[PDB]
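Below you'll find the structure, written out as structure tokens, and then a few comments.
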Amino acid sequence: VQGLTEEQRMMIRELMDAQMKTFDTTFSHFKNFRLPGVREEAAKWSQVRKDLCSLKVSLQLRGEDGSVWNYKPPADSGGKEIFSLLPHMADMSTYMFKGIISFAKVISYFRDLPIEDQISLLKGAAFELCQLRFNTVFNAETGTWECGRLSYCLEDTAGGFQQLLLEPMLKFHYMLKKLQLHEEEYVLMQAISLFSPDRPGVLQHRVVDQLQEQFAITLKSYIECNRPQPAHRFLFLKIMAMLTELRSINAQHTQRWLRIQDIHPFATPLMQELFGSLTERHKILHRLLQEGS
Amino acid sequence: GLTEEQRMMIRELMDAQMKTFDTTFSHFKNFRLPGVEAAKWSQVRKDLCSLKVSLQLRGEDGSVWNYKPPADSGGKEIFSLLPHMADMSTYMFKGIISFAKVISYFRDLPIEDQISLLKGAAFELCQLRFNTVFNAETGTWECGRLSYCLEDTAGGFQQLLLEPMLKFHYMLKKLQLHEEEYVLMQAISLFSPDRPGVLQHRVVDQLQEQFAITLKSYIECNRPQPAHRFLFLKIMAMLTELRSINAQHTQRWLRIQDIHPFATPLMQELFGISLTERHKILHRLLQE
Ligand SMILES: CCC[C@H](CC)Oc1ccc(C(=O)OC)cc1NC(=O)c1nnn(-c2cc(OC)ccc2OC)c1C
Ligand SMILES: CCC[C@H](CC)Oc1ccc(C(=O)OC)cc1NC(=O)c1nnn(-c2cc(OC)ccc2OC)c1C
């Protein structure tokens, strides 16, 4: 810990603080979410059916009393069986994104940036910081993202563990979990993703790139000061590689998402703004940035 | 063979059953589902731990929603399924009220004896219908798209067969009764002269004797006589066991209601909570 500059210490101290105050590990305040109800365009339909089959999951909504609802998704047959859990996942991604917005809103280096670069940075890193947070609740053995009450469990396939790791996002979660990262390396990862200066729309490239660098320098140091075991050799460069891969996956799933919205509109109002004057077009985002935490 | 009157007796009952029993439960809509004085509270917790089951809802999409019941905590949790079973009971009671009306023998009775017979026969007729959807292998009442599965209680069939009502369903299902024999049981149960509030005792007793003789005669005629020699008596004993079970669960319901009111308005009438004035809903249902 001392091996880190007092500036670095305070930097991990602020990031971890913002994570605790803005990340709901228990999803306890995740409420009012929708649940599954109790030719050229046809080629587009065929593409979407492959996207959704990779991320087929069952939803286990546990209850304080001890009860457990479990939804087994319908097997694909015709149309819209596939879009059954989509209204829910949209509600849950918005709840996730709102905490990512609040994470950044608490960080000093982010709070001082021009509001149009706060909007643009969050637009580029919303998925990446979401997936990084989801990884912390991912159970590699069960194949479940354990989100407090709700648990999303990967549906068993015929291809087995081999068929799953074909999906880049499922592979990303399994590889990143394998690294057994500390909370500090996750929040530092989330900050290197957030402060990416090459995102579309960022106009303070220098300030953001200078900030990103010091986040990676703090990450390389923390790994040097708190991780001397041989399994963690090249852990930093492994982490940095994964972040580059998450940017690749972020791009893949910005395309899958837009295609689904084209076929079957499902996006919440805020999610439509992620996918589109900056302040004017992103009215809900601008509002939330201005609000307190 | 059966007398032509007896044949017509069965014909009417089977007709009533066909018009008033939704075997797929396809019209059981809008039911409440599980969301997501110290003496009375513990007695109630004892009552509710005997018949724990897991609701399963199956969608047209092929999705399955499964409600595992909440492990007993003796609190608000224990009453999680009551708001639902209260809606199931009402839906079932309304179909039982309707069964009785289709029967000419019941419509002729005085409107006050109709209320009394239904008051004492509603539970029995409900459980008789539930048995026709009971799957003894899977321990599940298959109510069309809803399935209620008796949850393993760690004692296997031993603990369940202890509970007189689960024993009843298993025992009755082993009798492999016909649809005609099920509906005749309902009549024999409905037209019971010893029920509280009856005034035409001889009229009802005579009617129940004619339904029972039809059932006795049906078995002799339409079943290998030597093997099913005592089947009619087996049935009569179960109707009797059901009258005893009716009372136990009529008390469980009153105890569970005083601690926490789950009852729908029609159920409250059924449990005593002029006679035609004390049961105004049920009266309306009988004259519409
Ligand atoms: C359970 C949580 C983790 C798990 C990882 C496999 O997740 C799913 C499970 C199953 C499905 C699914 O098959 O049901 C359609 C979909 C998702 N995952 C998103 O639904 C999703 N994850 N991130 N984002 C997203 C969020 C943004 O704001 C933060 C911005 C852009 C985004 O781009 C896709 C979404 C819509
Ligand atoms: C559909 C499932 C069949 C299975 C057979 C035993 O049933 C249950 C399973 C589980 C439970 C349970 O887990 O408990 C919350 C409760 C019941 N069963 C009643 O809830 C119930 N069944 N019949 N009646 C009733 C009806 C009346 O008029 C029609 C009048 C009085 C009645 O009761 C005294 C009730 C309240």
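For the structure tokens, the naming scheme is as follows: chains receive sequential letters (A, B, ...) according to their order of presentation, residues are indexed from 1 within each chain, and ligands are indexed from 1 in presentation order.
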
Close residues to ligand 1 using only C-alpha atoms and all ligand atoms, limit 7 Å, as an MDAnalysis selection string: chainID A and resid 52:57 83 85:86 89:90 93:94 96:97 126:127 130:131 134 145 152 169:170 250 253:254 257 271 274

For the residues in the current selection, export N, CA, C and O atoms as a short mmCIF file (atom, residue, chain, number, x, y, z; two decimals), in the first residue's frame.
```cif
data_model
loop_
_atom_site.label_atom_id
_atom_site.label_comp_id
_atom_site.auth_asym_id
_atom_site.auth_seq_id
_atom_site.Cartn_x
_atom_site.Cartn_y
_atom_site.Cartn_z
N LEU A 52 -29.42 -14.23 -29.68
CA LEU A 52 -30.16 -14.50 -28.45
C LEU A 52 -29.90 -15.90 -27.92
O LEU A 52 -29.98 -16.13 -26.70
N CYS A 53 -29.60 -16.86 -28.80
CA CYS A 53 -29.36 -18.23 -28.36
C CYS A 53 -28.04 -18.37 -27.62
O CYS A 53 -27.88 -19.32 -26.84
N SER A 54 -27.09 -17.46 -27.84
CA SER A 54 -25.82 -17.53 -27.14
C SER A 54 -25.97 -17.16 -25.67
O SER A 54 -25.26 -17.71 -24.82
N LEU A 55 -26.89 -16.25 -25.36
CA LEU A 55 -27.07 -15.74 -24.01
C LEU A 55 -28.38 -16.21 -23.39
O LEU A 55 -29.03 -15.48 -22.64
N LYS A 56 -28.78 -17.44 -23.69
CA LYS A 56 -30.01 -17.98 -23.11
C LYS A 56 -29.80 -18.25 -21.63
O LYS A 56 -28.85 -18.93 -21.23
N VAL A 57 -30.70 -17.71 -20.80
CA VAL A 57 -30.56 -17.76 -19.35
C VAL A 57 -31.93 -18.01 -18.73
O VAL A 57 -32.97 -17.67 -19.30
N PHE A 83 -37.80 -13.16 -27.68
CA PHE A 83 -37.84 -11.82 -27.08
C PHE A 83 -38.57 -11.78 -25.73
O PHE A 83 -39.01 -10.71 -25.29
N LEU A 85 -37.49 -12.59 -22.49
CA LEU A 85 -36.71 -12.03 -21.39
C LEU A 85 -36.07 -10.70 -21.75
O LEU A 85 -35.40 -10.10 -20.91
N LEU A 86 -36.27 -10.23 -22.99
CA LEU A 86 -35.66 -8.98 -23.44
C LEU A 86 -36.24 -7.76 -22.73
O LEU A 86 -35.46 -6.88 -22.34
N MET A 89 -34.39 -7.74 -19.43
CA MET A 89 -32.97 -7.42 -19.49
C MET A 89 -32.74 -5.95 -19.83
O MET A 89 -31.73 -5.38 -19.41
N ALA A 90 -33.67 -5.33 -20.56
CA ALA A 90 -33.57 -3.90 -20.82
C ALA A 90 -33.77 -3.10 -19.54
O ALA A 90 -33.04 -2.14 -19.27
N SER A 93 -30.54 -3.55 -17.50
CA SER A 93 -29.37 -2.83 -17.99
C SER A 93 -29.48 -1.34 -17.69
O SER A 93 -28.47 -0.68 -17.45
N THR A 94 -30.70 -0.80 -17.70
CA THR A 94 -30.87 0.60 -17.33
C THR A 94 -30.55 0.82 -15.85
O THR A 94 -29.87 1.79 -15.51
N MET A 96 -28.48 -0.97 -14.13
CA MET A 96 -27.03 -1.06 -14.07
C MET A 96 -26.38 0.23 -14.56
O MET A 96 -25.49 0.78 -13.91
N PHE A 97 -26.83 0.74 -15.71
CA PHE A 97 -26.24 1.93 -16.31
C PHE A 97 -26.37 3.13 -15.39
O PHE A 97 -25.46 3.96 -15.30
N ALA A 126 -20.40 2.46 -21.17
CA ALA A 126 -21.53 2.00 -20.37
C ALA A 126 -21.61 0.48 -20.36
O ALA A 126 -21.80 -0.14 -19.30
N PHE A 127 -21.50 -0.13 -21.53
CA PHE A 127 -21.49 -1.58 -21.61
C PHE A 127 -20.28 -2.15 -20.90
O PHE A 127 -20.40 -3.06 -20.07
N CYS A 130 -20.57 -1.95 -17.33
CA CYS A 130 -21.63 -2.87 -16.94
C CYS A 130 -21.11 -4.30 -16.89
O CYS A 130 -21.22 -4.98 -15.86
N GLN A 131 -20.53 -4.77 -17.99
CA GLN A 131 -20.02 -6.14 -18.04
C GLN A 131 -18.97 -6.37 -16.95
O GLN A 131 -18.93 -7.45 -16.34
N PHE A 134 -20.92 -6.89 -13.85
CA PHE A 134 -21.53 -8.22 -13.91
C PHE A 134 -20.52 -9.32 -13.63
O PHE A 134 -20.87 -10.35 -13.06
N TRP A 145 -24.96 -15.36 -12.99
CA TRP A 145 -24.75 -14.02 -12.44
C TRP A 145 -25.69 -13.86 -11.26
O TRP A 145 -26.90 -13.68 -11.43
N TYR A 152 -29.37 -14.96 -12.78
CA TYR A 152 -29.49 -15.31 -14.19
C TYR A 152 -28.51 -16.45 -14.47
O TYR A 152 -27.30 -16.25 -14.44
N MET A 169 -18.50 -12.83 -25.36
CA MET A 169 -18.87 -12.26 -24.07
C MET A 169 -18.83 -13.30 -22.97
O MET A 169 -18.35 -13.02 -21.86
N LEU A 170 -19.34 -14.50 -23.23
CA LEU A 170 -19.27 -15.55 -22.22
C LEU A 170 -17.83 -15.97 -21.98
O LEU A 170 -17.45 -16.27 -20.84
N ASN A 250 -17.74 -4.88 -26.76
CA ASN A 250 -18.66 -3.74 -26.72
C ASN A 250 -19.15 -3.39 -28.12
O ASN A 250 -20.34 -3.14 -28.33
N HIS A 253 -21.63 -6.13 -29.55
CA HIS A 253 -22.96 -6.10 -28.95
C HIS A 253 -23.65 -4.75 -29.06
O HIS A 253 -24.84 -4.66 -28.73
N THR A 254 -22.95 -3.71 -29.50
CA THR A 254 -23.67 -2.52 -29.94
C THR A 254 -24.37 -2.78 -31.27
O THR A 254 -25.35 -2.10 -31.59
N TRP A 257 -27.46 -5.33 -30.47
CA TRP A 257 -28.53 -4.59 -29.81
C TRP A 257 -29.34 -3.77 -30.80
O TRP A 257 -30.58 -3.80 -30.79
N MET A 271 -31.78 3.83 -22.49
CA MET A 271 -31.02 2.95 -23.35
C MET A 271 -31.08 3.39 -24.80
O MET A 271 -30.13 3.14 -25.56
N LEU A 274 -28.15 5.94 -25.07
CA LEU A 274 -26.86 5.29 -25.29
C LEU A 274 -26.68 4.90 -26.74
O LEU A 274 -25.57 4.98 -27.29
#
```

Protein and nucleic acid residues within 6 Å of ligand 2 (only C-alpha atoms and all ligand atoms) as an NGL selection string: :B and (51-53 or 81-82 or 85 or 89 or 92-93 or 122-123 or 126 or 130 or 141 or 148 or 249-250 or 253)

Point-to-point distance from CA of residue 188 (chain B) to CA of residue 208 (chain B), Å rounded to tenths: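 According to the coordinates, CA of residue 188 (chain B) and CA of residue 208 (chain B) are separated by 5.1 Å.
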
Top pick for closest residue to residue 77 (chain A), considering B:44, B:155, B:23, B:62 and counting only C-alpha atoms: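 Of all the options, B:62 lies closest to residue 77 (chain A).
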
Backbone-only DSSP, strand (DSSP E) members of region 101-214 of chain B, as a list in words: residues 134, 135, 140, 141, 142, 143, 146, 147, 148, 149 and 150 of chain B

Taking only residues of chain B that have an atom at most 9 Å from an atom of chain A, what is each one's shortest atom pair and its distance in Å to one decimal, using only C-alpha atoms, in chain and number order, as CSV?
```
residue,atom,partner,partner_atom,distance
B:34,CA,A:67,CA,8.9
B:35,CA,A:63,CA,9.0
B:36,CA,A:63,CA,6.7
B:57,CA,A:38,CA,7.0
B:58,CA,A:38,CA,7.7
B:59,CA,A:38,CA,6.3
B:61,CA,A:74,CA,5.8
B:62,CA,A:74,CA,4.7
B:63,CA,A:74,CA,4.3
B:64,CA,A:72,CA,5.2
B:65,CA,A:71,CA,4.6
B:66,CA,A:70,CA,5.1
B:67,CA,A:69,CA,4.7
B:68,CA,A:68,CA,5.3
B:69,CA,A:67,CA,5.2
B:70,CA,A:67,CA,4.0
B:71,CA,A:66,CA,5.9
B:72,CA,A:66,CA,8.5
B:73,CA,A:65,CA,7.7
B:75,CA,A:65,CA,8.7
B:76,CA,A:65,CA,8.0
B:77,CA,A:65,CA,5.3
B:78,CA,A:65,CA,8.7
B:80,CA,A:65,CA,8.8
```

Save out the residues we just selected, N, CA, C and O atoms, as a CSV table (one decimal), in the first residue's frame.
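Now in selection_31.csv:
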```csv
chain,number,residue,atom,x,y,z
B,34,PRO,N,-48.5,-15.8,-5.6
B,34,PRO,CA,-47.5,-15.3,-4.6
B,34,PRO,C,-46.7,-14.2,-5.1
B,34,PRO,O,-46.1,-14.3,-6.2
B,35,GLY,N,-46.6,-13.1,-4.4
B,35,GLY,CA,-45.9,-11.9,-4.8
B,35,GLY,C,-44.4,-12.1,-4.9
B,35,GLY,O,-43.9,-13.1,-4.4
B,36,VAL,N,-43.8,-11.2,-5.7
B,36,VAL,CA,-42.4,-11.1,-5.9
B,36,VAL,C,-42.2,-10.6,-7.4
B,36,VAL,O,-43.2,-10.5,-8.1
B,57,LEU,N,-46.6,-22.6,-13.4
B,57,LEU,CA,-47.4,-22.0,-14.5
B,57,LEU,C,-46.7,-22.2,-15.8
B,57,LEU,O,-45.5,-21.9,-15.9
B,58,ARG,N,-47.4,-22.8,-16.8
B,58,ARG,CA,-46.8,-23.1,-18.1
B,58,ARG,C,-47.4,-22.2,-19.1
B,58,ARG,O,-48.7,-22.1,-19.2
B,59,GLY,N,-46.6,-21.5,-19.9
B,59,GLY,CA,-47.1,-20.5,-20.8
B,59,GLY,C,-47.4,-21.1,-22.2
B,59,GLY,O,-47.0,-22.2,-22.5
B,61,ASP,N,-46.2,-19.8,-24.7
B,61,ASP,CA,-44.8,-19.8,-25.3
B,61,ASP,C,-44.0,-21.1,-25.0
B,61,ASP,O,-43.1,-21.4,-25.8
B,62,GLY,N,-44.4,-21.8,-23.9
B,62,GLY,CA,-43.6,-22.9,-23.5
B,62,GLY,C,-42.7,-22.6,-22.3
B,62,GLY,O,-41.9,-23.4,-21.9
B,63,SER,N,-42.7,-21.3,-21.9
B,63,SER,CA,-42.1,-21.0,-20.6
B,63,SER,C,-42.8,-21.6,-19.5
B,63,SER,O,-43.9,-22.0,-19.5
B,64,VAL,N,-42.0,-21.9,-18.4
B,64,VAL,CA,-42.5,-22.4,-17.2
B,64,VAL,C,-42.0,-21.5,-16.0
B,64,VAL,O,-40.9,-21.2,-15.9
B,65,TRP,N,-43.0,-21.0,-15.2
B,65,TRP,CA,-42.7,-20.3,-14.0
B,65,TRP,C,-43.0,-21.2,-12.8
B,65,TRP,O,-44.1,-21.8,-12.8
B,66,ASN,N,-42.0,-21.4,-11.9
B,66,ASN,CA,-42.2,-22.3,-10.8
B,66,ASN,C,-42.0,-21.6,-9.5
B,66,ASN,O,-41.0,-20.9,-9.3
B,67,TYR,N,-43.0,-21.7,-8.6
B,67,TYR,CA,-43.0,-21.1,-7.3
B,67,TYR,C,-42.7,-22.2,-6.3
B,67,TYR,O,-43.5,-23.0,-5.9
B,68,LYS,N,-41.4,-22.2,-5.8
B,68,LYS,CA,-41.1,-23.0,-4.6
B,68,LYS,C,-41.6,-22.3,-3.4
B,68,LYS,O,-41.4,-21.1,-3.2
B,69,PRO,N,-42.3,-23.0,-2.5
B,69,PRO,CA,-42.9,-22.4,-1.3
B,69,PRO,C,-41.8,-21.9,-0.3
B,69,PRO,O,-40.7,-22.5,-0.2
B,70,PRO,N,-42.1,-20.9,0.5
B,70,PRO,CA,-41.1,-20.4,1.4
B,70,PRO,C,-41.0,-21.2,2.7
B,70,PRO,O,-42.0,-21.4,3.3
B,71,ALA,N,-39.8,-21.7,3.0
B,71,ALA,CA,-39.6,-22.5,4.2
B,71,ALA,C,-40.2,-21.8,5.4
B,71,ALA,O,-40.1,-20.6,5.6
B,72,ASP,N,-40.9,-22.6,6.2
B,72,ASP,CA,-41.7,-22.1,7.3
B,72,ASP,C,-40.8,-21.1,8.2
B,72,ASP,O,-39.7,-21.5,8.6
B,73,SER,N,-41.3,-19.9,8.4
B,73,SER,CA,-40.7,-19.0,9.3
B,73,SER,C,-41.8,-18.5,10.3
B,73,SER,O,-41.5,-17.6,11.1
B,75,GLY,N,-44.3,-16.7,10.1
B,75,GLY,CA,-44.6,-15.3,10.0
B,75,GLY,C,-45.6,-15.0,8.8
B,75,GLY,O,-46.4,-15.9,8.5
B,76,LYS,N,-45.5,-13.9,8.2
B,76,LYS,CA,-46.3,-13.6,7.0
B,76,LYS,C,-46.0,-14.5,5.9
B,76,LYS,O,-46.8,-14.7,5.0
B,77,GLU,N,-44.8,-15.1,5.9
B,77,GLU,CA,-44.4,-16.1,4.9
B,77,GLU,C,-45.4,-17.3,4.7
B,77,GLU,O,-45.7,-17.7,3.6
B,78,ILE,N,-45.8,-17.8,5.9
B,78,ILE,CA,-46.7,-19.0,5.9
B,78,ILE,C,-48.0,-18.8,5.1
B,78,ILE,O,-48.5,-19.8,4.6
B,80,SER,N,-48.4,-17.2,2.2
B,80,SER,CA,-48.0,-16.7,0.9
B,80,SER,C,-48.9,-17.2,-0.2
B,80,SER,O,-49.2,-16.5,-1.2
```

DSSP-assigned helix (DSSP H, G or I) among region 160-267 of chain B, expressed as a ChimeraX atom specification: /B:160-162,164-174,179-190,201-222,231-259,265-267

Exercise: residue 252 (chain B) partners within 9 Å, only C-alpha atoms, chain neighbours under 3 positions left out, as a ChimeraX atom specification: /B:43-44,47-48,247-249,255-257

Mind writing the picked residues with N, CA and C atoms as a PDB file, in the first residue's frame?
```
ATOM      1  N   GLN B  43     -51.150 -22.726  16.059  1.00  0.00           N
ATOM      2  CA  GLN B  43     -52.051 -23.719  15.482  1.00  0.00           C
ATOM      3  C   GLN B  43     -52.151 -23.544  13.971  1.00  0.00           C
ATOM      4  N   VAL B  44     -52.242 -22.293  13.512  1.00  0.00           N
ATOM      5  CA  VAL B  44     -52.318 -21.996  12.084  1.00  0.00           C
ATOM      6  C   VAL B  44     -51.043 -22.429  11.368  1.00  0.00           C
ATOM      7  N   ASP B  47     -51.270 -25.993  10.816  1.00  0.00           N
ATOM      8  CA  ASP B  47     -52.206 -26.320   9.746  1.00  0.00           C
ATOM      9  C   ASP B  47     -51.556 -26.171   8.377  1.00  0.00           C
ATOM     10  N   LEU B  48     -50.778 -25.106   8.184  1.00  0.00           N
ATOM     11  CA  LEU B  48     -50.268 -24.744   6.868  1.00  0.00           C
ATOM     12  C   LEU B  48     -49.004 -25.497   6.468  1.00  0.00           C
ATOM     13  N   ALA B 247     -64.698 -31.340   7.916  1.00  0.00           N
ATOM     14  CA  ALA B 247     -64.784 -30.624   9.186  1.00  0.00           C
ATOM     15  C   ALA B 247     -63.417 -30.125   9.641  1.00  0.00           C
ATOM     16  N   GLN B 248     -62.397 -30.989   9.585  1.00  0.00           N
ATOM     17  CA  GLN B 248     -61.052 -30.588   9.998  1.00  0.00           C
ATOM     18  C   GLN B 248     -60.601 -29.342   9.253  1.00  0.00           C
ATOM     19  N   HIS B 249     -60.711 -29.361   7.926  1.00  0.00           N
ATOM     20  CA  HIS B 249     -60.260 -28.226   7.135  1.00  0.00           C
ATOM     21  C   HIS B 249     -61.227 -27.054   7.187  1.00  0.00           C
ATOM     22  N   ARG B 255     -59.682 -20.863  11.639  1.00  0.00           N
ATOM     23  CA  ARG B 255     -58.529 -20.456  12.438  1.00  0.00           C
ATOM     24  C   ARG B 255     -57.587 -19.580  11.623  1.00  0.00           C
ATOM     25  N   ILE B 256     -57.299 -19.987  10.382  1.00  0.00           N
ATOM     26  CA  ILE B 256     -56.430 -19.205   9.514  1.00  0.00           C
ATOM     27  C   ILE B 256     -57.060 -17.866   9.142  1.00  0.00           C
ATOM     28  N   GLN B 257     -58.390 -17.759   9.200  1.00  0.00           N
ATOM     29  CA  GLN B 257     -59.059 -16.527   8.795  1.00  0.00           C
ATOM     30  C   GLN B 257     -59.067 -15.492   9.912  1.00  0.00           C
TER      31      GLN B 257
END
```

Test item: residues at most 8 Å from residue 23 (chain A), only C-alpha atoms, excluding those fewer than 2 positions along its chain, as a list in words: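 After dropping sequence-adjacent residues, the list is residues 19, 20, 21, 25, 99, 100 and 103 of chain A.
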